[PDB]
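Have a look at the structure below before the remarks.
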Amino acid sequence: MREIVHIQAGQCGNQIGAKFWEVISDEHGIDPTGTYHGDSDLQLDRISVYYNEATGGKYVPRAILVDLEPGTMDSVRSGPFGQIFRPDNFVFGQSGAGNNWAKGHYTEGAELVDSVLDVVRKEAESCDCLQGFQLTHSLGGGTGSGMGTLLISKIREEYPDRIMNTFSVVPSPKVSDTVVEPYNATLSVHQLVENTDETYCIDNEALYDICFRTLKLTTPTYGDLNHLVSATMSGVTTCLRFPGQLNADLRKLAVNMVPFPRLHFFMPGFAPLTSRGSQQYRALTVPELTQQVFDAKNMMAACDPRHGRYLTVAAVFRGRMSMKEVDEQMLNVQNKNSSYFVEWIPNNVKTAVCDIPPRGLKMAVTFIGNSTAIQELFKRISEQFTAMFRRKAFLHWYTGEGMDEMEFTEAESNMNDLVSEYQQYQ
Amino acid sequence: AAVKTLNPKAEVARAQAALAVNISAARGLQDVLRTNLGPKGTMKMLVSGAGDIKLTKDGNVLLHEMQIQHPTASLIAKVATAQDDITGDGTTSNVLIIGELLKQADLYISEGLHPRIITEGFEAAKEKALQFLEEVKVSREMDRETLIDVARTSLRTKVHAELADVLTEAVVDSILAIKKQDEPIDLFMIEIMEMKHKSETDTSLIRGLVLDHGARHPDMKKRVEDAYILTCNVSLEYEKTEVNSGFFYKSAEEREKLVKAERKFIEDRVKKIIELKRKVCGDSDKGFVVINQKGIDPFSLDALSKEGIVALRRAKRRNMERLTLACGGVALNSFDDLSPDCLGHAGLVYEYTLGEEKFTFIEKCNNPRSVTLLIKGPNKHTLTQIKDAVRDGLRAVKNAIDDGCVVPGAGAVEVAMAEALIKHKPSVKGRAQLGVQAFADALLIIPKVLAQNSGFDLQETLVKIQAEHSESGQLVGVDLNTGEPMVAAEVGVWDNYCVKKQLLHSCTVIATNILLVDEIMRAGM
Amino acid sequence: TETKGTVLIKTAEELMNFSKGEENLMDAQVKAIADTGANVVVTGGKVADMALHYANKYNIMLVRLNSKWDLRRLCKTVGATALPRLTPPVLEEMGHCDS
Amino acid sequence: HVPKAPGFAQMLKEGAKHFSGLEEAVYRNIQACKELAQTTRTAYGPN
Amino acid sequence: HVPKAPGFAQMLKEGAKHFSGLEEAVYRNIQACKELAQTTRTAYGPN
Amino acid sequence: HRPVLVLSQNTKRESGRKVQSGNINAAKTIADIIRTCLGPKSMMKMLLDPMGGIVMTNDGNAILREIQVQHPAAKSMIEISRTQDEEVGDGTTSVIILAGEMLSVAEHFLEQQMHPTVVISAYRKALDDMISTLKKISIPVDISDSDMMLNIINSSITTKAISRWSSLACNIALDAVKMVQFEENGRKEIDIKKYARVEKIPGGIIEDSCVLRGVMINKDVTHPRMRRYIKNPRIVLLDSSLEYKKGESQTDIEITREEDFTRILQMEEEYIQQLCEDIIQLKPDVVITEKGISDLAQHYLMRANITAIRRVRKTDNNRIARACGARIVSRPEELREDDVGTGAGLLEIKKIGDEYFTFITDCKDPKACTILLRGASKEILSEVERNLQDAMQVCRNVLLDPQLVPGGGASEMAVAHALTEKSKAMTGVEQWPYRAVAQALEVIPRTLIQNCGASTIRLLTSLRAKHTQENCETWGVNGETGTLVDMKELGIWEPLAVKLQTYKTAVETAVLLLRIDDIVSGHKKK
Amino acid sequence: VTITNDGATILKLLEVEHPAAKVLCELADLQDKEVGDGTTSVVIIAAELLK
Amino acid sequence: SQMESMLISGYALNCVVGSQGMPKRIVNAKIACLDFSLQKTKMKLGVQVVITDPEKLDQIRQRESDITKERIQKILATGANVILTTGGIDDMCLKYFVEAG
Amino acid sequence: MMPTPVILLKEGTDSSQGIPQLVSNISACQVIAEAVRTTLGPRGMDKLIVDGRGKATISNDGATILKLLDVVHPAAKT
Amino acid sequence: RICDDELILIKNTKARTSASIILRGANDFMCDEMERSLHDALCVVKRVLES
Ligand SMILES: Nc1ncnc2c1ncn2[C@@H]1O[C@H](COP(=O)(O)OP(=O)(O)O)[C@@H](O)[C@H]1O
Ligand SMILES: Nc1ncnc2c1ncn2[C@@H]1O[C@H](COP(=O)(O)OP(=O)(O)O)[C@@H](O)[C@H]1O
Ligand SMILES: Nc1ncnc2c1ncn2[C@@H]1O[C@H](COP(=O)(O)OP(=O)(O)O)[C@@H](O)[C@H]1O
Ligand SMILES: [Mg+2]
């Protein structure tokens, strides 16, 4: 049981979602045209969670690809293993969003989202017990903010009680693509703290310095960008896709990640980060990988964990190792660096492990946890939102589609309330 | 130019330059879309970037799925979007009027005149064209034989006249048994399902509903006669509390007591269903079908299968609206007031599997007021031909029921309207004398395109049609078989009143605004 | 259970008897199908080590079917019904093959 | 020196192609389906 | 997405520009000759 | 590689005549863009957006907002038209032409070795004399008359594209302002942006467009058993949710007994039924909230014959609170009889183009209305929406200041003769820049004859001779024909707040751009 | 775009590199706190004192 | 223009009222200056809600708004008409100012 | 940002104007006067100028030093 | 009404009778110049009344 339907909505969601199934099909040994190539119940038991078994042995991924562009999703049509999905899981959009939040909701969203909900209904027929949904999108995209915010609200009319695990690609504080990026980031999050429970923060432009300095890449691109993001996506859904002693599904992850439901912005990441030549000349031990996730060199967002304080720490390891050394190593950091941890939690760092090795790396750990690192990033978004709205610059692009001046006022009051929500325990 | 000085990367078009951009682009959309107007039009195969075939010739699907990047083509595509949104047909004829309102006006603006003088003649010609349209409409009290000829005209122009005899019986008989006593007919009560069973000429009209999901348990009955429909909105699957609670137990004997107790609230919903089957005199067959919009766990599916209750799951939003009218029950959201008054009735509930995909059929209702057109096209692209023609035909008969009058057919409206503007051409008494002439010649493209697609002559046909109209009083039209002028009101070729009314209003305003554009430019970078 | 799952111990009597209480709970369920005359027990999911201890003790054969479409074809083969609950006293939904 | 032929009435495609007529559309669909008929003609029958 | 304005009636040049009217041709010839008048205005006279 | 010893790296320096005479040419360039969009014989200007949309308009504010310029003085003129758009409605295109002409005559005096502070001190003395001239030629307006207010709004939309449907658009814009004119305490206010929502629906004809006596939203009913046609409903507006959500705490429940897990699932159903019993004590008919409604709340409102709408926007809840007179409450157990929207008229869930629309119309005395626009496409409906915003704001200025100025060139020529006769007593070096302000006002009657194709020599010589006498003083330029007709017979009248804001902004634009003698560009900031 | 003529607002937004240039730029910032209008005249005197 | 620069004898606050149901003009007003967020009563990090009885669940959930509205009724019964807050007033607490005027 | 015409001024030429031009010419003559400043008087030193070919020429005459500096400034050539 | 925004005013405050100045200009570039020129003018009368 506990089936999860995946919804890859947006331009940036399909680029991550193309390599998201490349890791699952390689670790489980699922043949794209055969039946399976597994070995035991570590890989063959959890096939029915993320795949629906057809008659004959062919496995179909529970994935819905939504995009308001024909040319973007054609790479996932007949490209890098994109012919394995259902033909009705390829909902195209002939009208582009144009990096506008108001166009994807009132113009494009009024005619497409009734058909996108039909694809979730057909996927839920093969789900004997629906656990929840995931949503990979972006804040600086038109379809990621248009078909990601309106899709997450209409899915609660049919699924009001099920959990949600959204994946949000945050914009970068270093470079900018357009001036409406503080507009699209403020409007998408303002309806995201309303009735959701999980949201990560991944910065793509911040990973260009990680590939240049650590992964030893001279000229990075979008193909080298999404490789280590897929390692972070597979690290969260490790115990969900592989059985083990530390059983923790998405239902157990929704409770033990947030003491409060509103402050649900996490900082994903993983470890280690080795290049293509210096990987074999490095040994990986238990205190080596456990002490690398706390530093600033293993962050997926442009943040600084050296000036913050965490609330809940969860880590999933890869490989048969002694997990009693993880708790004893992290407890010694909580006594000497108690200003970075919680004072009333005796076991801040949670433990998770599996018996399936990853691709390429021998041992690997991932970092899932919230802190005050999102608080300093939410101030820069509201700072750019304040200067643009006070001059009322480019408001006719939004108010001409169905918005108003009071819509941005309520979107500014509650987003600055989230800044004071993180400012209490800082 | 002034825009080149401020922004060096900003293109511009001047007064005599921007007029040639909009007119030559309107001729580009006119010369493409004129090959599909009427029954003698040709099919267009539209291939996207993926490689799928979209074989259709409707004017709205042609303009949207066309690789064109032009600002003039985006204005006509938005007017063509609203023509296929509120009234169905009238999209191909929409673009051909705009293609002639800018081409006939170019003969005067380039010959010294101002574009505003032509737009003043379009408003004076629209006032006479609106008054003449109310004099040619025929009220026939919405007879069921009249609606056949209305649906036959809209269906022939999208199929090869072998399926038009089949789809007319599936469109007219579907639109009559929805609403009565002067009620607006809701088109959401008709379900359109795509099948692959027999052939394209096998689309039938199911009197009930066809659900695209089947039973999710192998022990359930596949064919159920004399069933009771119990429409539910509750969630029979396992749900947790909103507050994160979890369990705490001491021994292993108390572990199995918590699994039995956590399903007690789930089984209390199932016990309300199996006790309703015992209160409807279950000493017979007495089939029970639960559609159940929200999901059901396999624990409750195993409990309902032992009693003999077919239980579906994951229904649509409008399935609780169409089946509620068809079965006559009450779509409940709780099991606190279960009664036989909220139950439905169907004479036959059966399923059928088409390539590991079940389809639940519900038939034999008394007064359903909700039907389903079962399209069984062989290919994937042939399903898009019938679905785009059914909604073109359903919106045609919906306008003929709401409006009390019927408008005549092919050339019985456009030729008679153009002759009425010639006798009222000296009535303007000013410089706008040539504006009524440009509007009257633009309305004559509908007999010109229909005479061109049928293979006949263009100018020789329009002489004989205008001769029979000037020497008689009957609204004569175009015959696409012989070329002789034939009356459209007698041969059974009709049209909608709201289509011809909006063709005189949406095309005229979008032509007077395009002719008053002289500064096409691209700035903002 | 399905929500969280957590064992709560408050005294030494609940810790020492928890391991022996789990083995006696699994022993009564495997011997419940051995009294009904079963010989072959085919499951869909995984099987613990304590379930294999009493399957070889009461001499019943275990068959692991990881595919769920192959499990439905086995019910049409021997004429049985797939039970979603754990091992009951099976009244009449047993399978019957020859070898 | 050498001139060229530009677009005429509706060349608004951004890299797409267009086919119209009996020779450019109808006869080319026949010759493409003729090659699939000659492909599986050898694998037809008991021999 | 973003459309653009193409040539209209006589855009047949291979990299050459064109000026027509009073604002594009006559007013720009005046402002260009005005800059030469303001250039040599300082060097005019005995001072 | 040794660095170069420089100062203020990667920045520009420019001073002298290239900045004083450089900002004039940037102001003349923008004034030549919208010069063909002032008279009634104007033409539309099709624009292209970076989002992919198309803005086909002739309004001077909507054109300049779609232009991205790189010149610094050109960025100042765009913010001038944004100021005129927020203060008045039809005060846009006239300021950009006038500020370009006041800087056109200012470039002449900068070549005569005159200091720019002398021209600005003459501009401020000329600005104080243009305000006193318009107040002498004004006329009091009877705001209680309906036919008098229709002639004011018709004069503002004759330039725009809704001049063809002038008999319909004048009645819509007049009834929209008179409905939203709300006064609770001792302060009169007119809010035509938060309460007078202009919604456009593609389809139908423009002649069927009308202002509804109430509000409308694009929302369907939550359940098909709920009524879609109520005669006189009692609408109760909510703000909180009708669901069960997690509290703002770290609540966790330890479940040790068997009856504990089934009790929490029953207490979640009894909590929803408690707040559903608190809203039916006032016997309502329509429940409207902003957050989600669970299916347990839909069941109790179904058998109580209550039509519930789910996810109405917050700006739409503030608009329906003024129409029905309801109170937006956020607590179901604190409902009162004053929070019920009595007096609401017919409620009907219509369908316009395969989409349901909730209509709340036919109210007794609504304080907020919704203009229903129906046209050919979304392209021309954005034009009528931008023209009705310029038609409702010019009615707001008359209701706050009932004075009219004779427009159509008669306003500019009545002050240009007043500045000429007052310049005879100057006797100084500021006399000649004082005369250029009266000559700069001539560009507004220059534009009305250049758009219709009339002569600018034979007409302006006769128009200047008509204002030599003090008796008539109201002769303007008729843009329809092209002759000189008195504005007392045509009916072209502009409000006082439009003409005062036009002259105050065009002078101070020339004040700012004449004190600029240096430009530094190339530095960064935080 | 920032249109100003005060001696403090110009030199604060203007980027400088020379160490002798940062003395005169920080001299204008001190005139706002101590006096508040005296912040074009100090920069011309302090540069002519060095000339 | 620059000749319409108002000299407001008093103070000119650069903020909005928020909810559009409050009287925007109050004569003879009594200003209540306070700095604490008028939101729902959220417990701190050291305090958690661990309930052992399902009957005591709904009384704790209603207590987060009853303690919140207890402060808003004792600052409003003293004649205060204008309340200035540097923190945050959520949508539940805005009802008590519209109801009391 | 100011001059953006369709036809430019001459080709690409830059020209200073007024009072900043004259101080630019006076300060340019001060730099070229330092190459003859230390060569005056009986206690004045000589200077050594090396060209691109490597030929060394040590002198103290003003007609010898200034001809080997290769000055391209217009006012400093006077 | 402050030209399409909301501004709250308090009249004479009944205790100290303070003052606030609302500036009115053509564009945002003049309003930033009018704010800097008014703040330098407030510092002149401050030093005269003190010293
Ligand atoms: N059987 C017929 N005989 C003559 N004319 C017909 C017939 N059927 C349709 N037409 C004409 O074809 C024209 C276009 O029909 P259709 O293609 O359905 O609408 P549109 O062109 O707007 O998409 C109509 O104006 C009608 O007069
Ligand atoms: N019938 C008419 N006769 C003469 N002049 C007219 C007529 N209608 C409008 N005008 C003039 O056209 C001008 C249009 O100004 P407009 O661009 O609407 O200003 P804004 O941009 O502030 O709205 C008005 O100043 C008015 O004097
Ligand atoms: N009416 C006037 N007559 C003569 N000189 C004046 C007049 N008004 C101002 N000034 C001079 O202009 C100068 C302006 O200096 P300013 O730039 O304000 O200094 P700071 O930058 O320190 O504020 C003053 O030194 C003053 O002497
Ligand atoms: Mg106007």
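Ordered as shown in the structure tokens, chains take letters A, B, and onward, while each chain numbers its residues from 1 and ligands are numbered from 1 in the order shown.
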Kindly work out which residues sit at most 7 Å from ligand 1, using only C-alpha atoms and all ligand atoms, and give the list as an mmCIF file with C-alpha atoms, in the first residue's frame.
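What follows is the written file result32.cif:
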data_model
loop_
_atom_site.group_PDB
_atom_site.id
_atom_site.type_symbol
_atom_site.label_atom_id
_atom_site.label_comp_id
_atom_site.auth_asym_id
_atom_site.auth_seq_id
_atom_site.Cartn_x
_atom_site.Cartn_y
_atom_site.Cartn_z
ATOM 1 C CA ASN B 36 -12.273 23.690 -45.613
ATOM 2 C CA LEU B 37 -15.493 25.752 -45.619
ATOM 3 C CA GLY B 38 -18.538 23.579 -46.222
ATOM 4 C CA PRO B 39 -19.013 19.877 -46.957
ATOM 5 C CA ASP B 58 -12.377 23.138 -37.993
ATOM 6 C CA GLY B 59 -11.343 26.792 -38.105
ATOM 7 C CA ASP B 89 -19.817 26.567 -35.399
ATOM 8 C CA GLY B 90 -19.059 29.783 -37.244
ATOM 9 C CA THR B 91 -15.245 29.815 -36.951
ATOM 10 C CA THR B 92 -14.141 29.246 -40.559
ATOM 11 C CA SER B 93 -16.658 31.818 -41.815
ATOM 12 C CA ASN B 94 -15.411 34.214 -39.115
ATOM 13 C CA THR B 153 -25.741 21.017 -41.701
ATOM 14 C CA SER B 154 -23.159 21.329 -38.912
ATOM 15 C CA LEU B 155 -22.142 17.656 -39.169
ATOM 16 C CA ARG B 156 -21.604 17.419 -42.802
ATOM 17 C CA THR B 157 -19.090 20.092 -42.876
ATOM 18 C CA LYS B 158 -16.851 17.978 -40.615
ATOM 19 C CA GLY B 409 -28.411 28.125 -45.005
ATOM 20 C CA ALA B 410 -25.427 28.683 -47.263
ATOM 21 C CA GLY B 411 -26.190 31.488 -49.703
ATOM 22 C CA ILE B 446 -19.396 32.798 -48.426
ATOM 23 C CA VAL B 478 -25.632 27.805 -53.421
ATOM 24 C CA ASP B 479 -25.888 24.143 -54.417
ATOM 25 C CA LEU B 480 -22.601 22.269 -53.991
ATOM 26 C CA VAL B 493 -30.005 23.500 -45.044
ATOM 27 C CA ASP B 495 -28.046 27.796 -39.760
#
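The shell of residues at most 8 Å from residue 42 in chain C, with only C-alpha atoms counted and near chain neighbours (fewer than 2 positions) removed, consists of residues 40, 44, 62, 63, 64 and 65 of chain C.
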Around ligand 4, at most 6 Å away and counting only C-alpha atoms and all ligand atoms, which residues are there? Put them as a PyMOL selection string, please. chain F and resi 90+156-157+159-160
Export C-alpha atoms of the chosen residues as a compact mmCIF listing (two decimals), in the first residue's frame?
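File selection25.txt, as written:
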# COMPACT_ATOMS: atom_id res chain seq x y z
CA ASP F 90 -8.16 61.29 -19.16
CA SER F 156 -13.77 62.18 -22.37
CA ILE F 157 -14.63 59.06 -24.40
CA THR F 159 -11.18 60.37 -28.20
CA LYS F 160 -11.26 56.71 -27.12
As number ranges by chain, could you give me every residue of chain B near chain I (at most 9 Å apart, counting only C-alpha atoms)? B: 1, 4-8
Can you give me chain E superposed onto chain D, least-squares on all Cα in order, written as a compact mmCIF listing (two decimals) with N, CA, C and O atoms, in the first residue's frame?
# COMPACT_ATOMS: atom_id res chain seq x y z
N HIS E 1 24.24 40.45 -57.43
CA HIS E 1 24.57 39.39 -58.38
C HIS E 1 23.42 38.39 -58.52
O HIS E 1 22.45 38.65 -59.23
N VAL E 2 23.53 37.26 -57.82
CA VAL E 2 22.52 36.21 -57.89
C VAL E 2 21.34 36.58 -57.01
O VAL E 2 21.51 36.78 -55.80
N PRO E 3 20.13 36.70 -57.57
CA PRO E 3 18.96 36.97 -56.72
C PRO E 3 18.35 35.70 -56.16
O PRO E 3 18.80 34.59 -56.49
N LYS E 4 17.34 35.83 -55.31
CA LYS E 4 16.71 34.69 -54.68
C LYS E 4 15.22 34.95 -54.51
O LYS E 4 14.76 36.09 -54.57
N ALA E 5 14.47 33.87 -54.29
CA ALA E 5 13.02 33.95 -54.18
C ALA E 5 12.63 34.05 -52.71
O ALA E 5 12.93 33.13 -51.94
N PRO E 6 11.97 35.13 -52.29
CA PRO E 6 11.56 35.25 -50.88
C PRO E 6 10.19 34.64 -50.62
O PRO E 6 9.61 34.00 -51.50
N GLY E 7 9.68 34.81 -49.40
CA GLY E 7 8.33 34.40 -49.10
C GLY E 7 7.30 35.25 -49.82
O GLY E 7 7.55 36.39 -50.22
N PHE E 8 6.11 34.68 -49.99
CA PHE E 8 5.09 35.27 -50.85
C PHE E 8 3.85 35.72 -50.08
O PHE E 8 3.56 36.92 -50.05
N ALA E 9 3.12 34.81 -49.46
CA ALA E 9 1.86 35.24 -48.85
C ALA E 9 1.71 34.86 -47.39
O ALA E 9 1.19 35.65 -46.61
N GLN E 10 2.17 33.67 -46.99
CA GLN E 10 1.89 33.18 -45.64
C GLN E 10 3.10 32.49 -45.02
O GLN E 10 2.95 31.63 -44.16
N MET E 11 4.31 32.87 -45.44
CA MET E 11 5.53 32.29 -44.88
C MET E 11 5.77 32.91 -43.50
O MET E 11 6.53 33.87 -43.33
N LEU E 12 5.10 32.33 -42.50
CA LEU E 12 5.16 32.81 -41.13
C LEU E 12 5.70 31.77 -40.17
O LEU E 12 5.69 31.99 -38.95
N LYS E 13 6.16 30.63 -40.67
CA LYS E 13 6.67 29.57 -39.81
C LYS E 13 8.09 29.88 -39.35
O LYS E 13 8.83 30.64 -40.00
N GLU E 14 8.48 29.29 -38.22
CA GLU E 14 9.80 29.48 -37.64
C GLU E 14 10.68 28.25 -37.78
O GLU E 14 11.53 28.00 -36.91
N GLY E 15 10.51 27.48 -38.85
CA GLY E 15 11.31 26.28 -39.05
C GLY E 15 10.48 25.07 -39.40
O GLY E 15 11.00 23.95 -39.45
N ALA E 16 9.20 25.28 -39.64
CA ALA E 16 8.28 24.22 -40.01
C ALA E 16 8.01 24.24 -41.51
O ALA E 16 8.14 25.27 -42.18
N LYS E 17 7.65 23.07 -42.04
CA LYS E 17 7.38 22.92 -43.46
C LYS E 17 5.87 22.85 -43.72
O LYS E 17 5.06 22.76 -42.79
N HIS E 18 5.51 22.90 -45.00
CA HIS E 18 4.12 22.97 -45.41
C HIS E 18 3.96 22.25 -46.74
O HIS E 18 4.82 22.35 -47.61
N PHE E 19 2.85 21.53 -46.88
CA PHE E 19 2.56 20.76 -48.09
C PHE E 19 1.13 21.04 -48.53
O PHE E 19 0.20 20.98 -47.71
N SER E 20 0.95 21.33 -49.81
CA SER E 20 -0.36 21.61 -50.38
C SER E 20 -0.42 21.08 -51.80
O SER E 20 0.58 21.11 -52.53
N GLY E 21 -1.59 20.61 -52.19
CA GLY E 21 -1.81 20.12 -53.54
C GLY E 21 -1.81 18.60 -53.62
O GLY E 21 -1.84 17.89 -52.62
N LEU E 22 -1.78 18.12 -54.86
CA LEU E 22 -1.76 16.69 -55.12
C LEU E 22 -0.34 16.14 -55.24
O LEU E 22 -0.07 15.03 -54.78
N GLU E 23 0.57 16.90 -55.85
CA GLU E 23 1.93 16.42 -56.06
C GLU E 23 2.78 16.55 -54.80
O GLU E 23 3.63 15.69 -54.55
N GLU E 24 2.57 17.59 -54.01
CA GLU E 24 3.37 17.81 -52.81
C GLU E 24 2.83 17.10 -51.58
O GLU E 24 3.60 16.82 -50.66
N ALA E 25 1.53 16.81 -51.54
CA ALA E 25 0.92 16.20 -50.36
C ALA E 25 0.32 14.84 -50.64
O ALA E 25 0.59 13.89 -49.90
N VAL E 26 -0.49 14.70 -51.69
CA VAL E 26 -1.20 13.45 -51.91
C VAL E 26 -0.29 12.40 -52.54
O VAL E 26 -0.30 11.23 -52.14
N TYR E 27 0.53 12.80 -53.52
CA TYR E 27 1.40 11.84 -54.19
C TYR E 27 2.57 11.42 -53.31
O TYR E 27 3.11 10.32 -53.48
N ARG E 28 2.98 12.28 -52.37
CA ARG E 28 4.06 11.92 -51.46
C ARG E 28 3.59 11.05 -50.31
O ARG E 28 4.39 10.30 -49.74
N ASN E 29 2.30 11.13 -49.94
CA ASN E 29 1.76 10.22 -48.94
C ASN E 29 1.59 8.82 -49.51
O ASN E 29 1.63 7.84 -48.75
N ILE E 30 1.38 8.70 -50.82
CA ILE E 30 1.23 7.40 -51.45
C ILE E 30 2.58 6.69 -51.53
O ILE E 30 2.70 5.51 -51.18
N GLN E 31 3.62 7.41 -51.96
CA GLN E 31 4.95 6.82 -52.10
C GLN E 31 5.59 6.50 -50.76
O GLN E 31 6.48 5.64 -50.71
N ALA E 32 5.18 7.16 -49.68
CA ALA E 32 5.70 6.82 -48.36
C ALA E 32 5.05 5.55 -47.81
O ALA E 32 5.72 4.73 -47.19
N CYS E 33 3.74 5.39 -48.03
CA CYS E 33 3.06 4.17 -47.63
C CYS E 33 3.37 3.00 -48.55
O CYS E 33 3.15 1.85 -48.17
N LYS E 34 3.85 3.27 -49.77
CA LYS E 34 4.26 2.20 -50.67
C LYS E 34 5.55 1.53 -50.18
O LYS E 34 5.75 0.33 -50.42
N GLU E 35 6.41 2.27 -49.49
CA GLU E 35 7.65 1.70 -48.98
C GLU E 35 7.41 0.77 -47.81
O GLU E 35 8.19 -0.17 -47.60
N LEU E 36 6.35 1.00 -47.03
CA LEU E 36 6.00 0.06 -45.97
C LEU E 36 5.33 -1.19 -46.52
O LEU E 36 5.43 -2.26 -45.92
N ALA E 37 4.64 -1.07 -47.66
CA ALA E 37 4.02 -2.24 -48.27
C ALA E 37 5.07 -3.15 -48.91
O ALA E 37 4.96 -4.38 -48.86
N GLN E 38 6.11 -2.55 -49.51
CA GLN E 38 7.20 -3.33 -50.07
C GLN E 38 8.15 -3.86 -49.01
O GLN E 38 8.93 -4.77 -49.29
N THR E 39 8.09 -3.31 -47.79
CA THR E 39 8.95 -3.80 -46.72
C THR E 39 8.44 -5.14 -46.18
O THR E 39 9.20 -6.11 -46.10
N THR E 40 7.16 -5.20 -45.82
CA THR E 40 6.58 -6.40 -45.24
C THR E 40 6.02 -7.36 -46.28
O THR E 40 5.33 -8.32 -45.92
N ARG E 41 6.29 -7.12 -47.57
CA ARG E 41 5.83 -8.04 -48.60
C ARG E 41 6.65 -9.33 -48.59
O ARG E 41 6.13 -10.39 -48.96
N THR E 42 7.91 -9.26 -48.17
CA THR E 42 8.75 -10.45 -48.13
C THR E 42 8.39 -11.36 -46.96
O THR E 42 8.49 -12.59 -47.08
N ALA E 43 7.96 -10.79 -45.84
CA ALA E 43 7.62 -11.55 -44.65
C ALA E 43 6.17 -12.04 -44.63
O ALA E 43 5.71 -12.54 -43.61
N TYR E 44 5.45 -11.90 -45.74
CA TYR E 44 4.05 -12.29 -45.82
C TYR E 44 3.93 -13.69 -46.40
O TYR E 44 4.56 -14.01 -47.41
N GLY E 45 3.14 -14.53 -45.74
CA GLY E 45 2.88 -15.87 -46.22
C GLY E 45 3.60 -16.93 -45.41
O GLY E 45 4.38 -16.63 -44.50
N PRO E 46 3.33 -18.20 -45.73
CA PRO E 46 4.03 -19.29 -45.03
C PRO E 46 5.51 -19.37 -45.37
O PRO E 46 6.30 -19.82 -44.54
N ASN E 47 5.91 -18.95 -46.58
CA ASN E 47 7.31 -18.91 -46.97
C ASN E 47 7.95 -17.55 -46.73
O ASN E 47 8.90 -17.19 -47.43
At a cut-off of 6 Å around ligand 2, and using only C-alpha atoms and all ligand atoms, what residues come up? Please write them as a ChimeraX atom specification. /F:38-40,60,89-94,155,158-159,407-409,477-479,492
Which of chain C end up as helix (DSSP H, G or I) when DSSP is run on this backbone - answer as a PyMOL selection string? chain C and resi 12-34+49-57+68-78
Can you tell me which residues surround range 2-5 of chain F at a distance of at most 10 Å, considering only C-alpha atoms, apart from same-chain residues fewer than 3 positions away, and format the answer as a PyMOL selection string? (chain F and resi 9) or (chain G and resi 17-18)
Output file for the residues above (C-alpha atoms, as a PDB file, in the first residue's frame):
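Once written, out.pdb looks like this:
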ATOM      1  CA  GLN F   9      36.282  53.021 -12.827  1.00  0.00           C
TER       2      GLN F   9
ATOM      3  CA  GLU G  17      39.007  53.590  -5.928  1.00  0.00           C
ATOM      4  CA  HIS G  18      41.768  55.970  -4.832  1.00  0.00           C
TER       5      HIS G  18
END
